[PDB]
Ligand SMILES: Cc1ncsc1-c1ccc(CNC(=O)[C@@H]2C[C@@H](O)CN2C(=O)[C@@H](NC(=O)COCCOCCOCCNC(=O)C[C@@H]2N=C(c3ccc(Cl)cc3)c3c(sc(C)c3C)-n3c(C)nnc32)C(C)(C)C)cc1
Ligand SMILES: [Zn+2]
Ligand SMILES: [Zn+2]
Ligand SMILES: [Zn+2]
């Protein structure tokens, strides 16, 4: 049709509109005639001419809404023996009457507020009023029934999940037009009941069970409480209930928990430790006392274990103790309690206390011990390990010694020791030394090994510039002959220490003197690294004398060889003769003389050459003492 | 509704298919917009403007707002990559409601507003429509909801 | 293409988006879907020249190139009436009055 | 008395030598660094940003000397 | 139902959708209140105060809006006739959807 | 061919120094055609009849159609003076044009002969 305008009759229109509202809301399916006539009547009422009829029609609708609220309230008040079920059913009936909300009253939704506004919301206000008429007076009964059902479920009976959920939902769902309704309706009483229950349960359990039993029962109860909160509430307050229970049970007993935690940690009851750590992790104050006790116990155990070290193998014992303690503590803590960075810091502090414990009456030589341990692990005379094992040991030692006090002292000791071990001809692998140095340089910084770099560049600069001069000689004019190979390192000369300043000018054998002089003559061209003093205390070699009982020359140092090259003048000499020929001081002269006399190399002091010198090995060396 | 006085060139002319004459709103030092010359429906208008400027499209002979590039207004950008671009013109959700309000305002002069065979709701409530400062402020009211 | 159609017959009313390249037989199938009267008994005509179900939307000249966006495309509707197809009958709509004494 | 051998090790060397010439424009120490050349008392790497010109008797501060013989430091 | 049977008072029977106008949340919410439910749901609409040609043009416009609501294709303008402007003004001021 | 000129090299250097971000922020519209039909200036070109810009100077210097840096100076003077005669004497436009021309001259105050 194409319907022209019309004049409406208020009374008949209201009667017809009510006759459709009743058949729609009342859970009844009505004829298509009424279905189609409802909207037509509504429009005819809303289209009054030549004036408005809103005030009247809207007043009638509002009276209808108030009547619905009051009638629902009374019908529910008929619910004495079925309060909760009746409340749920009536709320569901109203919710279904609104769930038909895709039918008619969009005009009511959006043609009144924008007729006297920018006085409430219409459908939301209808829900709120229906709650006021029945819910607003019956809140006592509804809350009481909910609490009774919760208590009964806590006792062992089966509750009414769907009814509980809907009854809880509606009151918050009153106003759409956000946490006002629900967060002001249920959260408070729910949390209050949960807190009372948790307080009673914790008070009973604290005496009804031991620490581990209480912790396990509390974990199970917390899981059950989370399940119940999920079943009977939304995520807006589940955290509130859980936190209230946690404060009641795992919070109020923090002091007793820490009192037992000393023994718990000292007993390493993995399950109990995990339970305590979990219960205290979310708590502000749960960590500190346990962390302190654990750190103290670990440090004390490590120190006590290390006290029994055998004098022969001190570095090995220290390394083993540190590795064992660190491994056990890290494994336990990271397996039990989610890996607290506070636990990592406490482990670092305990390890530092263990390592930096220096006995009174002596200086703490831990860095020197570690450096010597690394040197021994890299040694070529102590078999039992592989190169990969050495690399792993260095990697472990870096993280172990991260907390050693004497960093600079350890560095200087290692530098001197490696300098000696390379001066002696024992560094079987500059690459293995460089792997240890790679650990030390990935850990100790760039300045940590700038000195090592200089010392290496010195072994080279000597190697490099001297080789250049030797090559220039190989391209030179005159002839040359060696008869004895040799090697040297004087380069950029400030990497490793040999720091004893000279005291007496050295007069060494012309044998090596010629090599030194030719080296200087070929070398003095175009380089500059170190320009330091003499670090040449390492002079020695051999010569084969076909004039003794047989040709036999054993290891002899530079002083002894120079004295014997003074023997290239006379075989019998007094002390003054050897002293002058060597240019050495009194202490070195006496030491060399005694060593040469007792070593079978010789036989108001006087000395003579040995013509019958012999030993158990035809190749034996007069030793240098400093070793 | 106050344009940005960047002075950084934005080399673009917006292809505006407005069926009337194209004289959109503009920006002043404090924000004063003024009409512009005629750009008819289908063709574009070319002018160099200032970076940071926000402007939209309307009907030159209707005076009603049609969302700037369908949005609030074609927006301010600087000159990088040197390419042309524009915030073109287009209707809002093409409303028979606005069409009827403006049709009443057109078939009856602005002095013919409260004179239906009806009561005095049409003029204000529905045909209190096209205006430059109004359209601008109301689009800005949307953008204040935003 | 989008051909705009609106069929007035008796007191009926129907509309859709009509394919210009598709079939008037498709239009009849749509009419069957909308009315419970398959294209078998349906009969649509652009004016009086009968548009066979083989004649597409462009067979009548009404397409999205000329179809009215604010008003539907003219369409006549005649259905099957027992042993014959009742002729197309569409009367005129409401009568419009003149303009007010000050608005014309 | 007998020695028909060759197999000493020996040593004598090492010839230290600082930077060489007169490098005054602003041009701080040729053997030290400039103001910012060697004002870095925690450093000695002046000796590697050093003061020399070439093999032709040049020297200066490190940076403003290079951009302004010993291979020394 | 397939269609939404909309008929005015003056004789004819017609069908129009609401989802088709959903961009018209006007339609989406005007079909938005008290429970109207039957097993044979076909969206029947009986009113006695609407114009016929106005309803037809409004149905065309509703199809347009349901095709253009977030659609990115070409769009025409709003077609109206100069016979019902005042009635449309009152009707809109009542509807606002 | 063209035997390179020291003035031409200094002109390339001046164009470079103009290629700094400092100058384009005010003479950037002059680095390209100040449209005569851009704002309805049917008489802008009638008044200024020597089309030129920073790009004009760059092109006249790169193409090798200029005799020396005096030509670049003359072109800069022509462009700046046309802008000034287009603008009034009480405006920021005069301020900017004078700033640009004076800066050009002062900076040219450091290029010697070749
Ligand atoms: C013929 C036509 N048909 C269809 S549309 C059209 C048409 C299109 C554009 C124009 C001119 N453009 C405008 O009116 C633009 C369009 C829109 O974006 C708004 N608008 C403005 O100019 C606005 N202006 C601004 O936002 C900047 O405001 C500064 C006010 O002065 C603008 C110009 O003054 C009025 C006329 N005078 C001139 O153009 C002198 C000219 N100005 C300028 C000039 C102008 C402004 C600034 Cl900030 C700097 C230089 C100028 C040059 S060369 C050059 C490249 C320019 C830009 N110049 C020189 C050299 N000497 N004189 C000039 C407005 C409305 C405030 C005047 C004229 C007609
Ligand atoms: Zn100097
Ligand atoms: Zn430097
Ligand atoms: Zn020289």
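What is reported rests on the model, the rules as stated and the sources as named; no laboratory read-out is quoted. Methodologically, a virtual Cβ is constructed for each residue, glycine included, from the backbone with ideal geometry; neighbour enumeration extends over all protein chains shown.
Of the conditions (1) surrounded by 14 or more Cβ atoms within 10 Å (Cβ to Cβ); (2) closer than 30 Å to residue A:587 by Cα; (3) away from chain D (no Cβ under 12 Å), residue A:545 satisfies every one except a single condition; which number is it?
(3)
Would the stretch A:93-103 turn up any residue that is within 7 Å of chain E (Cβ to nearest Cβ) and in contact with a strand residue (DSSP E or B) (Cβ under 9 Å, 6 or more places away or on another chain)?
Checked the stretch A:93-103: no residue is within 7 Å of chain E (Cβ to nearest Cβ) and in contact with a strand residue (DSSP E or B) (Cβ under 9 Å, 6 or more places away or on another chain).
For residue A:37, are the conditions met, namely being in contact with a strand residue (DSSP E or B) (Cβ under 7 Å, 6 or more places away or on another chain) and surrounded by 18 or more Cβ atoms within 10 Å (Cβ to Cβ)?
Details: in contact with a strand residue (DSSP E or B) (Cβ under 7 Å, 6 or more places away or on another chain): yes; surrounded by 18 or more Cβ atoms within 10 Å (Cβ to Cβ): yes.
For residue A:37, the condition - in contact with a strand residue (DSSP E or B) (Cβ under 7 Å, 6 or more places away or on another chain) and surrounded by 18 or more Cβ atoms within 10 Å (Cβ to Cβ) - is met.
Name every residue in the stretch D:28-71 that is within 11 Å of another protein chain (Cβ to nearest Cβ), under 23 Å from residue D:15 (Cα atoms), more than 16 Å from ligand 4 (Cβ to nearest atom) and not in a helix (DSSP H, G or I), in order of residue number.
Step one: list which residues in the stretch D:28-71 are within 11 Å of another protein chain (Cβ to nearest Cβ), which gives D:31, D:42-45, D:47-48, D:50-52, D:54-55, D:69-71.
Applying the additional criterion that residues be under 23 Å from residue D:15 (Cα atoms) yields D:31, D:43-45, D:47-48, D:50-52, D:54-55, D:69-71.
Filter again for more than 16 Å from ligand 4 (Cβ to nearest atom), leaving D:31, D:43-45, D:47-48, D:50.
Selection gives D:31, D:43, D:44, D:48, D:50.
Would you mention how many residues in the stretch A:232-273 are surrounded by 14 or more Cβ atoms within 10 Å (Cβ to Cβ) and closer than 15 Å to residue A:289 by Cβ? Write out each step before concluding.
Filtering the stretch A:232-273 down to residues surrounded by 14 or more Cβ atoms within 10 Å (Cβ to Cβ) leaves A:232-234, A:236-238, A:240-254, A:257-258, A:260-262, A:264-265, A:269, A:272-273.
Now restrict to residues that are closer than 15 Å to residue A:289 by Cβ: A:250-251, A:253-254, A:257-258, A:260-262, A:264-265, A:273.
Here the count works out to 12.
Please verify whether the stretch A:67-84 includes one or more residues that are within 60 Å of the chain's Cα centre (by Cα), assigned by TED's automatic domain parsing to the domain that holds residue A:3, buried (at least 19 other Cβ atoms within 10 Å of the Cβ) and part of a helix (DSSP H, G or I). First the steps, then the outcome.
Step one: list which residues in the stretch A:67-84 are within 60 Å of the chain's Cα centre (by Cα), which gives A:82-84.
So of that shortlist, the ones also assigned by TED's automatic domain parsing to the domain that holds residue A:3 come out as A:82-84.
This time we only want the ones that are buried (at least 19 other Cβ atoms within 10 Å of the Cβ), so: A:84.
If we keep only those that are part of a helix (DSSP H, G or I) too, we end up with A:84.
Yes; the residues of the stretch A:67-84 include at least one that is within 60 Å of the chain's Cα centre (by Cα), assigned by TED's automatic domain parsing to the domain that holds residue A:3, buried (at least 19 other Cβ atoms within 10 Å of the Cβ) and part of a helix (DSSP H, G or I).
Residue A:608 passes all but one of (1) assigned to a loop (DSSP other than H, G, I, E, B); (2) more than 59 Å from the chain's Cα centre (by Cα); which number fails?
Failed condition: (1).
Looking at (1) closer than 18 Å to residue F:85 by Cα; (2) within 13 Å of ligand 1 (Cβ to nearest atom); (3) surrounded by fewer than 16 Cβ atoms within 10 Å (Cβ to Cβ), can you tell me which one residue F:49 breaks?
(2)
In the stretch A:10-25, which residue that is in contact with a helix residue (DSSP H, G or I) (Cβ under 8 Å, 6 or more places away or on another chain) and surrounded by fewer than 18 Cβ atoms within 10 Å (Cβ to Cβ) is farthest from residue A:111 (Cα to Cα)?
Top of the filtered list is A:19.
Select the strands (runs of 3 or more DSSP E) contained entirely in the stretch C:1-93, then report the ones holding at least 1 residues which are under 30 Å from residue B:100 (Cβ atoms). Spell out the reasoning first.
Working: elements: C:2-8, C:14-19, C:42-46, C:74-81.
Answer list for the stretch C:1-93: C:2-8, C:14-19, C:74-81.
Counting only residues that are over 21 Å from residue E:5 (Cα atoms) and exposed (fewer than 15 other Cβ atoms within 10 Å of the Cβ), which one in the stretch C:14-57 is nearest to the chain's Cα centre (by Cα)?
Here the answer is C:47.
Look at the stretch A:517-542 and say how many of its residues are assigned to a helix (DSSP H, G or I), closer than 30 Å to residue D:46 by Cα and at the interface with another protein chain (Cβ under 7 Å from one of its Cβ atoms). If you could, list the steps in order and put the result at the bottom.
Keep residues of the stretch A:517-542 that are assigned to a helix (DSSP H, G or I), which gives A:517-523.
Now restrict to residues that are closer than 30 Å to residue D:46 by Cα: A:519-523.
Then keep just the ones that are at the interface with another protein chain (Cβ under 7 Å from one of its Cβ atoms); that gives A:519-520, A:523.
The qualifying residues number 3.
Looking only at the stretch D:37-57, filter to residues that are under 11 Å from residue D:20 (Cβ atoms) and within 15 Å of ligand 2 (Cβ to nearest atom); which one of those is surrounded by the fewest Cβ atoms within 10 Å (Cβ to Cβ)?
D:53
Looking only at the stretch D:4-28, count every residue that is farther than 23 Å from residue A:535 by Cα and buried (at least 19 other Cβ atoms within 10 Å of the Cβ) and tell me the total.
Looking only at the stretch D:4-28, we keep the residues that are farther than 23 Å from residue A:535 by Cα, and these are D:4-6, D:19-28.
Add one more test, that the residue is buried (at least 19 other Cβ atoms within 10 Å of the Cβ), and what stays is D:19, D:23, D:28.
The qualifying residues number 3.
If I filter the stretch B:1-56 down to residues being more than 11 Å from ligand 1 (Cβ to nearest atom), more than 14 Å from every other protein chain (Cβ to nearest Cβ) and over 30 Å from residue F:24 (Cβ atoms), which single residue comes out as nearest to the chain's Cα centre (by Cα)?
B:56
When you check residue B:118 against the structure, is it more than 22 Å from residue B:137 (Cα to Cα), outside the structural domain of residue B:45 (by CATH) and not in a helix (DSSP H, G or I), yes or no? Lay out the reasoning, then the answer.
On the way: more than 22 Å from residue B:137 (Cα to Cα): yes; outside the structural domain of residue B:45 (by CATH): yes; not in a helix (DSSP H, G or I): yes.
Against the criterion (more than 22 Å from residue B:137 (Cα to Cα), outside the structural domain of residue B:45 (by CATH) and not in a helix (DSSP H, G or I)), residue B:118 qualifies.
When both residues are 6+ apart or on different chains and their Cβ atoms are under 8 Å apart, which pairs have a first residue that lies in the stretch B:106-121 and is loosely packed, with under 11 Cβ neighbours inside 10 Å, and a second that is not in a loop (DSSP other than H, G, I, E, B)?
B:117/E:86
Checking residue D:6 against (1) at negative phi; (2) within 16 Å of ligand 2 (Cβ to nearest atom); (3) within 13 Å of another protein chain (Cβ to nearest Cβ), only one condition comes out false. Which one?
Exception for residue D:6: condition (2).
Residue by residue, here is whether (1) within 14 Å of chain B (Cβ to nearest Cβ); (2) away from ligand 1 (no atom under 16 Å from the Cβ); (3) in contact with a helix residue (DSSP H, G or I) (Cβ under 7 Å, 6 or more places away or on another chain) holds:
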residue: F:15; (1), (2), (3): no, yes, yes
residue: F:20; (1), (2), (3): no, yes, no
residue: F:32; (1), (2), (3): yes, no, yes
residue: F:59; (1), (2), (3): no, yes, no
residue: F:74; (1), (2), (3): no, yes, no
residue: F:83; (1), (2), (3): no, no, yes
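How do the helices (runs of 4 or more DSSP H) wholly within chain E filter down when requiring 1 or more residues that are touching a strand residue (DSSP E or B) at 6+ places or on another chain (Cβ under 9 Å), within 14 Å of chain C (Cβ to nearest Cβ) and more than 30 Å from residue C:103 (Cβ to Cβ): which remain?
Numbers: elements: E:25-30, E:52-68, E:85-95.
Because the criterion is at least 1 residues that are touching a strand residue (DSSP E or B) at 6+ places or on another chain (Cβ under 9 Å), within 14 Å of chain C (Cβ to nearest Cβ) and more than 30 Å from residue C:103 (Cβ to Cβ), the helices (runs of 4 or more DSSP H) in chain E that meet it are E:52-68.
If a residue has to be within 12 Å of the chain's Cα centre (by Cα) and either more than 16 Å from ligand 3 (Cβ to nearest atom) or more than 10 Å from chain A (Cβ to nearest Cβ) (or both) to count, how many in the stretch D:9-27 make the cut?
Residues of the stretch D:9-27 that are within 12 Å of the chain's Cα centre (by Cα), as a first pass: D:15-21.
Next cut, either more than 16 Å from ligand 3 (Cβ to nearest atom) or more than 10 Å from chain A (Cβ to nearest Cβ) (or both) only: D:15-18, D:20-21.
So the answer is 6.
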